[PDB]
Structure formats: C-alpha cells, structure tokens
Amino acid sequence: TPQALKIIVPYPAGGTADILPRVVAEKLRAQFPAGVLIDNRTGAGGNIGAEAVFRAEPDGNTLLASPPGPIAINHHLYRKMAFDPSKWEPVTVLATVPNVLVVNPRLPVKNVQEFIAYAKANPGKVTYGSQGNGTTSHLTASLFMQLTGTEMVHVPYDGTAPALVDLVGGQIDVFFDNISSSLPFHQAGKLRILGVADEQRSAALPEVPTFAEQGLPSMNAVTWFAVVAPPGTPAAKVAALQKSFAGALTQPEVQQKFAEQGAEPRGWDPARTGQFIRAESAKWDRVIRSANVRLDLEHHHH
C-alpha cells in the first residue's frame, strides 16, 4: 500500500543541496500520490543524513539527494566511517553547478589576483568557511591554497546556509560555495563573487571571469547533486526512479528554475551516474593528496 517517497538532504535548508531536490519534488508528486517528502538531516558534513539512508530499507522509497561529500569524497578523509559510499546504488545526477570564490564585500579585493595578494599579506589569518569536512567547498579552498601558496584558516559549518550567514555578517572572510546559492547575494552586493571554477563563464554571472582567465587554470571545481539509493536497491527500481527524476528535470518550471540559478540539469541514467561518481571520487582523491587536505573536527555555528 502506497508510501511517500522520502528524500533525505543531509544539509540545512537554504542552500543548493536543499533547493534543487525541493524544486524537482514539486513535479514528482505526479508519480507519487502519497507525496514526495524532503527531510533535512544535518551534521558531520553530510554523513549523519547519509548514514540514515544507507541503513534504510533498500526498496527505493528512501533516497539520499546530496552533493559529493558523502557519495564520492568523504571516504578519502575518514579512516573509519559508519557506511561505505562505494555501496550506494546510483540513481541519477540532478545537476552540475560550478563552484566560485565568494567574499565578504568589505574585503578590499575585486578579483582573484588581488585576493591572492591579500591572503599573502595576511598569512594564516584569512578564514574560509566550508559546508563541512570533505564537501567540495572544503576541497576547493584546499586546491586554491596549493595552487597559490596561500595559507588560510578553515572554519567548517554544516552547510552553505549557515556559512553564508556568517560570510554576509563578516564573521568569516571567504567561501568556495557553488554559484547557485551565492548568486542572489552577489547580485545585491551583499557578497562579491571573484571567480568561477570552470572552463567557461556561467550564463548566470556572465560578467565574472573564470579562474582560468585570472591565471589559475587548474581551478576546475564543478559540484553536483546526485540521488542514491541504499545498498541492494533493485536495478529495475533505481531505473524507474531515474526515469521519473529525468522527466521532472525536463518540466519547464524545474528546467527554468535550475537554469536561472546557474544549475545545469543532467538526469543521467544509473550506470552513467555510477561511472561519474567513481571518476569524481578519483578526481578528488588526487586533490586531497596534492593539497594535503585535513579534517577539522571542531564544530562551528553561524
């Protein structure tokens, strides 16, 4: 008898991890008359909510919709975890979204090179927020520091939303967020985006140069928002779910809300999604080792 589709998002409401599945869910209600429920489950950089899905019954009624940390990245930083992301059953990728460098407006910097010089002038003093250990914002900051020889202080939060509160407030200095969540802040001059970590500019921010344009072509850091099912979820179930998500993503209300905030809808099939997750896991391993990425197991609140 009918069950609501339960989607855990392992980050606080407000950021891109929460908004993209919520936008999609509005057009899935069609194939799920009992409802599509988003359940935010915060902490440990995404791992609390991930654990909850990993142990859920593998019937495809409980899914994780997450950015890369608890899917492709975290397992490279934790020697002992409570779940094994290699055992997720991939469903789809909802979207890819480039990361950016975004700064508090009172920082006296107008581009990436001026920020490099400012961090060198203040070695070990500039703070970068992150969305949590092993999130793309954490690793993107690490990459930047390796490529530029800068030394900054990690201030981990539990997702984008609390990090942006403190960035706007001036309690931290910089953050390597994704463009979608930082965009409205930049548009209103509440934050300043200095560069886009992709090979082309974003159509959502056509006036902001890439990092490649500004002298750092290895700053390619495009995050993504995937859906995974518990270990053992049947292949035919993951296939049907992917088809439903793909259909929602082509609905003009969804497509259009993604595109307006610089998110590229994907809708990839399960096997393509698995291949992509493994490639991304290998890509971020290389960053972790090259940039000597370390955990910060102290907690921060906005």
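Throughout, we count residues from 1 along the sequence that is shown.
Comparing 20-28 with 285-293, the higher mean C-alpha B-factor in the PDB entry belongs to 20-28.
In this entry, the higher average B-factor at the C-alpha atoms falls on 143-151, of the pair 96-104 and 143-151. In the deposited coordinates, the residue among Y78, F225, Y128, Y157 with the greatest CA B-factor is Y78. Looking only at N47, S66, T62, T250, the residue with the top Cα B factor in the deposited structure is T250. Ranked against the other modelled residues of its chain, the C-alpha B-factor of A119 as given in the entry falls in the middle third. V53: CA B factor in the middle third of modelled residues in this chain (values from the PDB entry). When the CA B factors of the chain's modelled residues are split into thirds, the value for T135 lands in the lowest one. Per-chain ranking of the deposited C-alpha B factor places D84 in the highest third. Sort the chain's modelled residues by C-alpha temperature factor and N111 lands in the middle third, per the entry.
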